[PDB]
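Read through the structure below, which is laid out as structure tokens, and then see the notes.
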Amino acid sequence: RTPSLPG
Amino acid sequence: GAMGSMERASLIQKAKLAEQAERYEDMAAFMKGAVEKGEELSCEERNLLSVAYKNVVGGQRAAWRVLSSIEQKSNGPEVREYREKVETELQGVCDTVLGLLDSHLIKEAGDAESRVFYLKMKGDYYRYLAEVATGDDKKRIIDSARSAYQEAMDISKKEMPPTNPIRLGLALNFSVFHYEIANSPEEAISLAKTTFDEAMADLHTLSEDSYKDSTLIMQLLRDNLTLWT
Amino acid sequence: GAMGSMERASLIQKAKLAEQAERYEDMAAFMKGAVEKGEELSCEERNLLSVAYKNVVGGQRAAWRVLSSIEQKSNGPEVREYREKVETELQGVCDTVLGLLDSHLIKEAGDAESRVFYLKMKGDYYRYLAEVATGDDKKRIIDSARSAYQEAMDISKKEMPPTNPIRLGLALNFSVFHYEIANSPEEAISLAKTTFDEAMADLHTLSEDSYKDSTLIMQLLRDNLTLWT
Amino acid sequence: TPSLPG
Ligand SMILES: *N1CCC[C@@H]1[C@H](c1ccccc1)c1ccccc1OC
Ligand SMILES: *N1CCC[C@@H]1[C@H](c1ccccc1)c1ccccc1OC
Ligand SMILES: [Cl-]
Ligand SMILES: [Cl-]
Ligand code: NA
Ligand code: NA
Ligand code: NA
Ligand code: NA
Ligand code: NA
Ligand code: NA
Ligand code: NA
């Protein structure tokens, strides 16, 4: 999937 | 509960130790206990809560995707059973987080920074539930995620500058929601582009350190835009 | 236990799925359930058992060491308390593994290789307990580890060639026990040296792949000898 | 000192 906020 | 007899400050301290030891389940349990003391979380404490549960649910989501892929390619009961076991545990963690948000953390009163942070989080955890849902149940979960993100968006546009990192991260995740969950790639692309452009125009107002904080998230928006277009 | 109602073959299948999903606690629980069916394990199955629990206990050992280091540097009660929590969890996992070995993997092992494998494992898990034990309990644990390792040594010297990788790995771990746990550097060096020389004598008889396997573990013995001498 | 890595 598309990456979301990593934090 | 098992944290009820522990001091709030000790729970926070142990959450930080658990993070250093990469014991994210423990970290989350300590932060849950701290929330249950009934005092509002500071900015640092909100971050600790979020990091803890992100890592817990992140491991579960990764495992679920592995098992779901094995299951789809197989299509005895064992793969389905084990995928269902992981799915149920994932849903339980999401329900725990959503319960903390609704019972303790989301308030009508509150500063914009906390209200947006928690509504974004609510959107995220409904989104994680949507990833594993099907049919009409999926529809209702999708609408719950959308509603939480939309309220966070409305507050963030009224009460925060367009470079605010929390606002930017909300827009990043809401655009991911549009693209990956809601079957709305055009809306995802439009939101990422306008968010990026409106932040870029205001970077000139920021200190060196704030510029780095904002541009790091803008760079993520750009990465998704360039992936999608 | 909780796995008592699941077929042995289903437990093995799910242990392999858990490994693919990097769900090592699940993997260990499935393998515990398989052991508790009371049938011997194949070589593949005893490797699954060992991998699962090594991953679980390895994560606990790493966390314990992080917390112990913070505790040592600090010299409130919170660091000690959390270190003790992790320690108790680690002790529980080691007790679980030792219980499987004593009831009844060791006594039911049908060949020398598997009996050595399990007795070595018994020494290893007592050694992990010894790393965190104190006082009289530590002394008892140290004697238990030594006794298990020594029985494995006796069998391996009678039944397996000196280049056999399981024999070499036993000697490696027993020598580590001598040096790191039992404060017996002379015994550690003597064991590692004798093992190294007796394996070298037979290297010329081995296939390419066996030569590689044996020299790899010989090099681990060498690394420790260099640190120790 | 390191033990067997598996
Ligand atoms: N993500 C959301 C809240 C916790 C985490 C956040 C973050 C955001 C973007 C990139 C990396 C990390 C976080 C985590 C820990 C401390 C601070 C922090 O953001 C302020
Ligand atoms: N360590 C002992 C039992 C499992 C693991 C072993 C191993 C030993 C040394 C280096 C790497 C791996 C292992 C693990 C997985 C498959 C086979 C295997 O050895 C037979
Ligand atoms: Cl299952
Ligand atoms: Cl604790
Ligand atoms: Na309380
Ligand atoms: Na403001
Ligand atoms: Na567009
Ligand atoms: Na890209
Ligand atoms: Na592109
Ligand atoms: Na020989
Ligand atoms: Na020799």
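Each chain of the structure tokens is named A, B, ... in the order shown, its residues numbered from 1; ligands are numbered from 1 in display order.
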Enumerate residues in contact with ligand 1: an atom-to-atom distance of at most 9 Å, counting only C-alpha atoms and all ligand atoms. Format the result as number ranges by chain.
-> A: 5-7; B: 43-52, 54, 117, 121, 165-166, 169, 213, 216-217
How would the residues just picked look written out with N, CA and C atoms as a tab-separated table (two decimals), in the first residue's frame?
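Final output, saved to result_10.tsv:
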chain	number	residue	atom	x	y	z
A	5	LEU	N	2.02	8.17	7.40
A	5	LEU	CA	2.98	8.85	8.26
A	5	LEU	C	3.73	7.82	9.10
A	6	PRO	N	5.06	7.87	9.13
A	6	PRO	CA	5.84	6.85	9.85
A	6	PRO	C	6.02	7.18	11.33
A	7	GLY	N	4.94	7.61	11.97
A	7	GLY	CA	4.98	8.09	13.32
A	7	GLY	C	3.74	8.91	13.53
B	43	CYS	N	2.08	16.97	25.01
B	43	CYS	CA	2.51	16.67	23.65
B	43	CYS	C	3.43	15.45	23.63
B	44	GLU	N	4.42	15.43	24.51
B	44	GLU	CA	5.34	14.31	24.55
B	44	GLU	C	4.60	13.01	24.84
B	45	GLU	N	3.67	13.06	25.79
B	45	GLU	CA	2.92	11.86	26.16
B	45	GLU	C	2.02	11.37	25.03
B	46	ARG	N	1.39	12.28	24.29
B	46	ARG	CA	0.60	11.88	23.13
B	46	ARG	C	1.44	11.12	22.13
B	47	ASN	N	2.66	11.62	21.88
B	47	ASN	CA	3.58	10.95	20.97
B	47	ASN	C	3.91	9.55	21.46
B	48	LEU	N	4.18	9.41	22.76
B	48	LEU	CA	4.49	8.09	23.31
B	48	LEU	C	3.32	7.14	23.10
B	49	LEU	N	2.10	7.59	23.40
B	49	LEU	CA	0.93	6.74	23.19
B	49	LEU	C	0.85	6.28	21.75
B	50	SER	N	1.02	7.22	20.82
B	50	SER	CA	0.89	6.91	19.41
B	50	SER	C	1.99	5.97	18.93
B	51	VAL	N	3.24	6.23	19.30
B	51	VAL	CA	4.34	5.34	18.88
B	51	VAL	C	4.08	3.93	19.37
B	52	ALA	N	3.63	3.79	20.62
B	52	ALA	CA	3.45	2.47	21.20
B	52	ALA	C	2.44	1.66	20.39
B	54	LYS	N	1.18	2.33	17.41
B	54	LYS	CA	1.59	2.19	16.01
B	54	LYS	C	2.42	0.94	15.82
B	117	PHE	N	-4.77	16.00	16.72
B	117	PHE	CA	-3.97	14.80	16.89
B	117	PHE	C	-4.86	13.59	17.15
B	121	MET	N	-5.87	10.35	14.82
B	121	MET	CA	-5.65	9.00	15.31
B	121	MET	C	-6.91	8.16	15.18
B	165	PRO	N	3.27	20.69	11.37
B	165	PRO	CA	3.52	19.27	11.08
B	165	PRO	C	2.36	18.34	11.36
B	166	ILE	N	1.57	18.60	12.41
B	166	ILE	CA	0.41	17.76	12.69
B	166	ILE	C	-0.61	17.88	11.57
B	169	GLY	N	0.71	15.95	8.55
B	169	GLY	CA	0.61	14.50	8.70
B	169	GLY	C	-0.82	14.01	8.59
B	213	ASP	N	11.22	20.19	10.34
B	213	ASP	CA	10.06	19.41	10.76
B	213	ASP	C	8.97	19.41	9.68
B	216	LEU	N	10.15	17.69	6.18
B	216	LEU	CA	10.19	16.23	6.22
B	216	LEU	C	8.84	15.64	5.86
B	217	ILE	N	7.75	16.21	6.38
B	217	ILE	CA	6.43	15.68	6.06
B	217	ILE	C	6.02	16.07	4.65
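Residue-level contacts from chain B to chain C at 9 Å, counting only C-alpha atoms, read residues 10, 11, 13, 14, 17, 18, 20, 21, 22, 23, 59, 60, 62, 63, 64, 65, 66, 67, 70, 76, 77, 78, 79 and 82 of chain B.
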With a cut-off of 7 Å and counting only C-alpha atoms, select all residues of chain B in contact with chain A and give the selection as a VMD selection string.
-> chain B and resid 51 169 172 to 173 176 180 224
Output file for the selection above: C-alpha atoms, as a PDB file, in the first residue's frame:
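So the final result, stored in again-v9.pdb, reads:
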ATOM      1  CA  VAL B  51       4.337   5.340  18.885  1.00  0.00           C
ATOM      2  CA  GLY B 169       0.607  14.503   8.697  1.00  0.00           C
ATOM      3  CA  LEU B 172      -0.913  12.813   4.315  1.00  0.00           C
ATOM      4  CA  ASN B 173      -2.949  10.113   6.044  1.00  0.00           C
ATOM      5  CA  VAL B 176      -3.800   7.775   1.833  1.00  0.00           C
ATOM      6  CA  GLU B 180      -6.206   3.119  -0.593  1.00  0.00           C
ATOM      7  CA  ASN B 224       3.106   9.746  -2.508  1.00  0.00           C
TER       8      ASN B 224
END
Please identify the residues whose atoms come within 10 Å of ligand 7, using only C-alpha atoms and all ligand atoms, and report them as a list in words.
-> residues 185, 186, 187, 188, 189, 190, 191, 192, 193, 194, 225 and 229 of chain B
Given the selection you just returned, output its residues as a file containing N, CA, C and O atoms, formatted as a compact mmCIF listing (two decimals), in the first residue's frame.
# COMPACT_ATOMS: atom_id res chain seq x y z
N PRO B 185 -8.85 8.10 -5.83
CA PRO B 185 -7.48 8.56 -6.10
C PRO B 185 -7.41 10.00 -6.55
O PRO B 185 -6.43 10.69 -6.23
N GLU B 186 -8.39 10.50 -7.29
CA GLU B 186 -8.33 11.91 -7.69
C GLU B 186 -8.37 12.83 -6.47
O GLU B 186 -7.60 13.79 -6.40
N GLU B 187 -9.24 12.54 -5.51
CA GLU B 187 -9.29 13.35 -4.30
C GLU B 187 -7.99 13.23 -3.52
O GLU B 187 -7.49 14.22 -2.97
N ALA B 188 -7.40 12.03 -3.48
CA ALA B 188 -6.13 11.83 -2.79
C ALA B 188 -5.05 12.71 -3.39
O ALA B 188 -4.28 13.37 -2.67
N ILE B 189 -4.95 12.70 -4.72
CA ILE B 189 -3.93 13.47 -5.43
C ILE B 189 -4.16 14.97 -5.23
O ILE B 189 -3.23 15.72 -4.95
N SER B 190 -5.41 15.42 -5.37
CA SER B 190 -5.69 16.83 -5.17
C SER B 190 -5.33 17.28 -3.76
O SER B 190 -4.74 18.35 -3.56
N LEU B 191 -5.68 16.47 -2.75
CA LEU B 191 -5.38 16.87 -1.38
C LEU B 191 -3.88 16.92 -1.14
O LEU B 191 -3.37 17.86 -0.52
N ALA B 192 -3.14 15.92 -1.61
CA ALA B 192 -1.70 15.95 -1.40
C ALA B 192 -1.06 17.15 -2.09
O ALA B 192 -0.17 17.79 -1.52
N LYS B 193 -1.50 17.45 -3.31
CA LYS B 193 -0.89 18.55 -4.05
C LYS B 193 -1.20 19.89 -3.40
O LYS B 193 -0.29 20.71 -3.21
N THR B 194 -2.46 20.16 -3.08
CA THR B 194 -2.77 21.46 -2.48
C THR B 194 -2.12 21.60 -1.12
O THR B 194 -1.65 22.68 -0.77
N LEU B 225 2.66 11.64 -3.98
CA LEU B 225 2.22 12.24 -5.24
C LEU B 225 2.96 11.64 -6.42
O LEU B 225 2.35 11.28 -7.44
N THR B 229 1.29 9.58 -9.54
CA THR B 229 1.16 10.32 -10.80
C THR B 229 2.44 10.22 -11.61
O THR B 229 2.51 10.67 -12.76
Report as number ranges by chain which protein, DNA and RNA residues come within 8 Å of ligand 8, using only C-alpha atoms and all ligand atoms.
-> B: 222-228
Can you pull out every residue with an atom within 8 Å of ligand 11? Use only C-alpha atoms and all ligand atoms and format it as a compact mmCIF listing (two decimals) with C-alpha atoms, in the first residue's frame.
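Written out: selection.txt:
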# COMPACT_ATOMS: atom_id res chain seq x y z
CA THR C 194 40.39 -30.07 22.21
CA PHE C 196 39.04 -27.63 17.51
CA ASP C 197 41.98 -30.05 17.17
CA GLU C 198 39.90 -33.23 17.08
CA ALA C 199 37.74 -31.73 14.31
CA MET C 200 40.74 -30.53 12.30
CA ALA C 201 42.14 -34.07 12.20
May I have all residues of region 169-229 of chain C that DSSP, computed from the backbone, assigns to alpha helix (DSSP H), given as a PDB file with C-alpha atoms, in the first residue's frame?
ATOM      1  CA  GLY C 169      27.860 -26.527  18.483  1.00  0.00           C
ATOM      2  CA  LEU C 170      27.410 -28.276  21.823  1.00  0.00           C
ATOM      3  CA  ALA C 171      31.100 -27.868  22.582  1.00  0.00           C
ATOM      4  CA  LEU C 172      30.902 -24.211  21.543  1.00  0.00           C
ATOM      5  CA  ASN C 173      27.999 -23.472  23.870  1.00  0.00           C
ATOM      6  CA  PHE C 174      29.407 -25.516  26.770  1.00  0.00           C
ATOM      7  CA  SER C 175      32.710 -23.664  26.459  1.00  0.00           C
ATOM      8  CA  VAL C 176      30.797 -20.345  26.505  1.00  0.00           C
ATOM      9  CA  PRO C 185      38.178 -19.938  31.792  1.00  0.00           C
ATOM     10  CA  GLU C 186      40.637 -22.840  31.925  1.00  0.00           C
ATOM     11  CA  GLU C 187      37.868 -25.366  31.251  1.00  0.00           C
ATOM     12  CA  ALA C 188      36.436 -23.167  28.483  1.00  0.00           C
ATOM     13  CA  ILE C 189      39.789 -22.936  26.696  1.00  0.00           C
ATOM     14  CA  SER C 190      40.593 -26.636  27.164  1.00  0.00           C
ATOM     15  CA  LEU C 191      37.226 -27.710  25.779  1.00  0.00           C
ATOM     16  CA  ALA C 192      37.330 -25.339  22.811  1.00  0.00           C
ATOM     17  CA  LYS C 193      40.926 -26.309  21.997  1.00  0.00           C
ATOM     18  CA  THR C 194      40.387 -30.073  22.209  1.00  0.00           C
ATOM     19  CA  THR C 195      37.233 -29.762  20.113  1.00  0.00           C
ATOM     20  CA  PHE C 196      39.039 -27.634  17.509  1.00  0.00           C
ATOM     21  CA  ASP C 197      41.985 -30.054  17.173  1.00  0.00           C
ATOM     22  CA  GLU C 198      39.898 -33.227  17.077  1.00  0.00           C
ATOM     23  CA  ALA C 199      37.743 -31.735  14.306  1.00  0.00           C
ATOM     24  CA  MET C 200      40.737 -30.526  12.305  1.00  0.00           C
ATOM     25  CA  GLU C 208      32.821 -29.686   0.404  1.00  0.00           C
ATOM     26  CA  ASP C 209      29.541 -28.816   2.123  1.00  0.00           C
ATOM     27  CA  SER C 210      30.415 -30.663   5.333  1.00  0.00           C
ATOM     28  CA  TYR C 211      33.869 -29.069   5.392  1.00  0.00           C
ATOM     29  CA  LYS C 212      32.134 -25.686   5.174  1.00  0.00           C
ATOM     30  CA  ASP C 213      29.698 -26.549   7.973  1.00  0.00           C
ATOM     31  CA  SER C 214      32.443 -27.810  10.282  1.00  0.00           C
ATOM     32  CA  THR C 215      34.987 -25.035   9.644  1.00  0.00           C
ATOM     33  CA  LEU C 216      32.258 -22.438  10.213  1.00  0.00           C
ATOM     34  CA  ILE C 217      31.719 -23.674  13.754  1.00  0.00           C
ATOM     35  CA  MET C 218      35.454 -24.195  14.248  1.00  0.00           C
ATOM     36  CA  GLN C 219      35.846 -20.506  13.444  1.00  0.00           C
ATOM     37  CA  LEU C 220      33.294 -19.664  16.157  1.00  0.00           C
ATOM     38  CA  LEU C 221      35.414 -21.695  18.602  1.00  0.00           C
ATOM     39  CA  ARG C 222      38.472 -19.824  17.316  1.00  0.00           C
ATOM     40  CA  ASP C 223      36.828 -16.418  17.813  1.00  0.00           C
ATOM     41  CA  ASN C 224      36.177 -17.276  21.438  1.00  0.00           C
ATOM     42  CA  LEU C 225      39.695 -18.675  21.938  1.00  0.00           C
ATOM     43  CA  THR C 226      41.126 -15.415  20.582  1.00  0.00           C
ATOM     44  CA  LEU C 227      38.992 -13.403  23.012  1.00  0.00           C
ATOM     45  CA  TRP C 228      40.020 -15.779  25.804  1.00  0.00           C
TER      46      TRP C 228
END
Report as CSV: every residue of chain B with an atom at most 8 Å from ligand 5, its closest pair of atoms, and their distance in Å to one decimal, counting only C-alpha atoms and all ligand atoms, with rows sorted by chain and ascending residue number.
residue,atom,partner,partner_atom_place_in_ligand_line,distance
B:3,CA,ligand 5,1 (Na),7.4
B:4,CA,ligand 5,1 (Na),4.3
B:5,CA,ligand 5,1 (Na),5.9
B:6,CA,ligand 5,1 (Na),7.0
B:7,CA,ligand 5,1 (Na),7.4
B:8,CA,ligand 5,1 (Na),7.9
B:33,CA,ligand 5,1 (Na),8.0
B:36,CA,ligand 5,1 (Na),7.0
B:37,CA,ligand 5,1 (Na),5.2
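Note that CA of residue 106 (chain C) and CA of residue 118 (chain C) are 5.8 Å apart.
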Grab me every residue within 7 Å of ligand 10, counting only C-alpha atoms and all ligand atoms, and send it over as a tab-separated table (two decimals) with N, CA and C atoms, in the first residue's frame.
chain	number	residue	atom	x	y	z
C	161	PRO	N	30.81	-38.27	15.12
C	161	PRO	CA	32.19	-37.97	14.74
C	161	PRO	C	32.59	-36.58	15.21
C	162	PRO	N	33.89	-36.34	15.38
C	162	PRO	CA	34.33	-35.06	15.95
C	162	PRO	C	34.06	-33.84	15.08
C	202	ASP	N	40.00	-34.51	11.10
C	202	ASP	CA	39.10	-35.22	10.21
C	202	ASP	C	38.57	-34.36	9.07
Could you please extract the residues within 10 Å of ligand 6, counting only C-alpha atoms and all ligand atoms, and hand them back as a PyMOL selection string?
-> chain B and resi 111-113+155-161+164
Go ahead and save the residues from that selection, with N, CA, C and O atoms, as a PDB file, in the first residue's frame.
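Dumped to result-v4.pdb:
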ATOM      1  N   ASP B 111      -7.042  22.351  23.064  1.00  0.00           N
ATOM      2  CA  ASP B 111      -6.269  23.079  22.086  1.00  0.00           C
ATOM      3  C   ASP B 111      -6.281  22.346  20.757  1.00  0.00           C
ATOM      4  O   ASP B 111      -6.485  21.139  20.683  1.00  0.00           O
ATOM      5  N   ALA B 112      -6.076  23.107  19.691  1.00  0.00           N
ATOM      6  CA  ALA B 112      -6.182  22.539  18.358  1.00  0.00           C
ATOM      7  C   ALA B 112      -5.193  21.400  18.172  1.00  0.00           C
ATOM      8  O   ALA B 112      -5.517  20.388  17.542  1.00  0.00           O
ATOM      9  N   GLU B 113      -4.008  21.524  18.775  1.00  0.00           N
ATOM     10  CA  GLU B 113      -2.944  20.550  18.577  1.00  0.00           C
ATOM     11  C   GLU B 113      -3.352  19.177  19.082  1.00  0.00           C
ATOM     12  O   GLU B 113      -3.039  18.160  18.457  1.00  0.00           O
ATOM     13  N   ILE B 155     -10.773  21.538  11.652  1.00  0.00           N
ATOM     14  CA  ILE B 155     -10.098  22.239  12.740  1.00  0.00           C
ATOM     15  C   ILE B 155      -8.722  22.709  12.293  1.00  0.00           C
ATOM     16  O   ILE B 155      -8.325  23.853  12.555  1.00  0.00           O
ATOM     17  N   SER B 156      -7.962  21.823  11.633  1.00  0.00           N
ATOM     18  CA  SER B 156      -6.581  22.147  11.280  1.00  0.00           C
ATOM     19  C   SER B 156      -6.506  23.321  10.315  1.00  0.00           C
ATOM     20  O   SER B 156      -5.574  24.124  10.391  1.00  0.00           O
ATOM     21  N   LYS B 157      -7.471  23.442   9.403  1.00  0.00           N
ATOM     22  CA  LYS B 157      -7.437  24.543   8.449  1.00  0.00           C
ATOM     23  C   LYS B 157      -7.815  25.861   9.106  1.00  0.00           C
ATOM     24  O   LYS B 157      -7.342  26.919   8.682  1.00  0.00           O
ATOM     25  N   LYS B 158      -8.662  25.823  10.130  1.00  0.00           N
ATOM     26  CA  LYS B 158      -9.061  27.039  10.830  1.00  0.00           C
ATOM     27  C   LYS B 158      -8.038  27.486  11.865  1.00  0.00           C
ATOM     28  O   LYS B 158      -7.847  28.690  12.060  1.00  0.00           O
ATOM     29  N   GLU B 159      -7.371  26.548  12.536  1.00  0.00           N
ATOM     30  CA  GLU B 159      -6.638  26.857  13.755  1.00  0.00           C
ATOM     31  C   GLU B 159      -5.139  26.583  13.688  1.00  0.00           C
ATOM     32  O   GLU B 159      -4.459  26.736  14.714  1.00  0.00           O
ATOM     33  N   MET B 160      -4.600  26.184  12.533  1.00  0.00           N
ATOM     34  CA  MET B 160      -3.186  25.845  12.425  1.00  0.00           C
ATOM     35  C   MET B 160      -2.634  26.361  11.103  1.00  0.00           C
ATOM     36  O   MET B 160      -3.330  26.308  10.077  1.00  0.00           O
ATOM     37  N   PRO B 161      -1.387  26.824  11.077  1.00  0.00           N
ATOM     38  CA  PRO B 161      -0.806  27.284   9.815  1.00  0.00           C
ATOM     39  C   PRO B 161      -0.612  26.119   8.862  1.00  0.00           C
ATOM     40  O   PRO B 161      -0.539  24.955   9.289  1.00  0.00           O
ATOM     41  N   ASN B 164       2.065  23.509   9.674  1.00  0.00           N
ATOM     42  CA  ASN B 164       2.075  22.819  10.953  1.00  0.00           C
ATOM     43  C   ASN B 164       2.275  21.317  10.727  1.00  0.00           C
ATOM     44  O   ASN B 164       1.527  20.707   9.947  1.00  0.00           O
TER      45      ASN B 164
END
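Coordinates place CA of residue 122 (chain B) at a distance of 7.0 Å from CA of residue 101 (chain B).
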